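Topology and contacts: notes
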Amino acid sequence: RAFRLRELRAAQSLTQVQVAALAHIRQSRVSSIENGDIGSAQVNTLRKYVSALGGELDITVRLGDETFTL
Amino acid sequence: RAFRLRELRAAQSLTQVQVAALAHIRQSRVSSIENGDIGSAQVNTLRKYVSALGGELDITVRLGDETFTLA
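With respect to the pattern of salt bridges
Residue and element names in this part refer to chain A. Within the structure shown, the criterion is met by seven salt bridges over all chains. Between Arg-4 and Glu-7 there is a salt bridge; the shortest N-O distance is 3.5 Å. Assessed through its relative accessible area of 36%, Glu-7 is described here as partly exposed.

This is the structure we're talking about:
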């Protein structure tokens, strides 16, 4: 059900070089986070990389039965 | 929202310095998060704090008429 974000940036036929250039972040950072690991990666870094695809990013927190965004 | 995790942490009356140990992260990192600024956080670092507290960390992406997960 999880769709790691390399196969999501390929939904709209785009290349890392292109996502890294309107995100204004080193292609180093795209390769690492597009690889399959999103931990290392900052939030702002991630947020910028998703804004590139013309999407929005939401961090929702769930504990017991309460939910809200950061 | 802003005043949340603070309330949540204080909700169970836990001390900043406890959490910093429960999730094995710098206490300073906890003032920041609880503080409100979260952009500068690494994702795993943020995840740890939520884990230690007891909840879960969900990262939904909305792309027009869609919604996907990734961790």
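Now that the structure has been shown, we can carry on.
Focus: the UniProt feature "domain: HTH cro/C1-type" in chain A
UniProt's entry tags residues 5-60 of chain A with the feature "domain: HTH cro/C1-type", counted in the numbering of this structure. Annotated as residues 5-60 of chain A, this span is 46% helix and 9% strand, and its ends, taken at the C-alpha atoms, are 18 Å apart.

Topic: the UniProt feature "DNA-binding region" in chain B
Under the feature "DNA-binding region", the UniProt entry names residues 16-35 of chain B. From the first C-alpha to the last, residues 16-35 of chain B spans 11 Å; its make-up is 75% helix and 0% strand.

Side note on the side chain of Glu34(B)
Among the secondary structure elements, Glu34(B) is positioned in helix α3 (residues 28-35). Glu34(B) gets classed as buried once you look at its relative accessible area, which sits at 2%.

Here's the deal with α3(B)
Residue and element names in this part refer to chain B. Within α3 the residues assigned to the buried category are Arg-29, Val-30, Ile-33 and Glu-34. For α3, the arc enclosing every buried residue in end-on projection is 125 degrees, short of the 170-degree limit, so these residues lie on one face. Elements in contact with the buried residues of α3: α1 (5-11), α2 (16-22) and α4 (43-53). Immediately downstream of α3, the backbone of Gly-36 shows phi near 145 degrees, a positive value.

A look at the environment of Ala71(B)
All names here are of chain B. Within the secondary structure, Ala-71 is located in the segment after β1 (56-62). With 24 residues separating them along the chain, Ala-71 and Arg-47 place their C-alpha atoms 10 Å apart. Dropping the residues within four chain positions of it, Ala-71 is found in contact with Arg-47, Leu-57 and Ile-59.

Reading guide: rules and limits
Residues numbered from 1 in each chain as written, not as in the entry; some residues may be left out. Chains lettered and ligands numbered in written order. Heavy atoms only, no water. Salt bridge = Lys/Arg side-chain N within 4 Å of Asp/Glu carboxyl O. Buried < 20%, exposed > 50% of the residue type's maximum accessible area, 1.4 Å probe, protein only. UniProt positions renumbered as here; feature names shortened; annotations may be inferred. Helix = DSSP H or I, 4+ residues; strand = E, 2+ residues; numbered from the N terminus. Arc of directions from axis to C-beta. Contact = heavy atoms within 4.5 Å.

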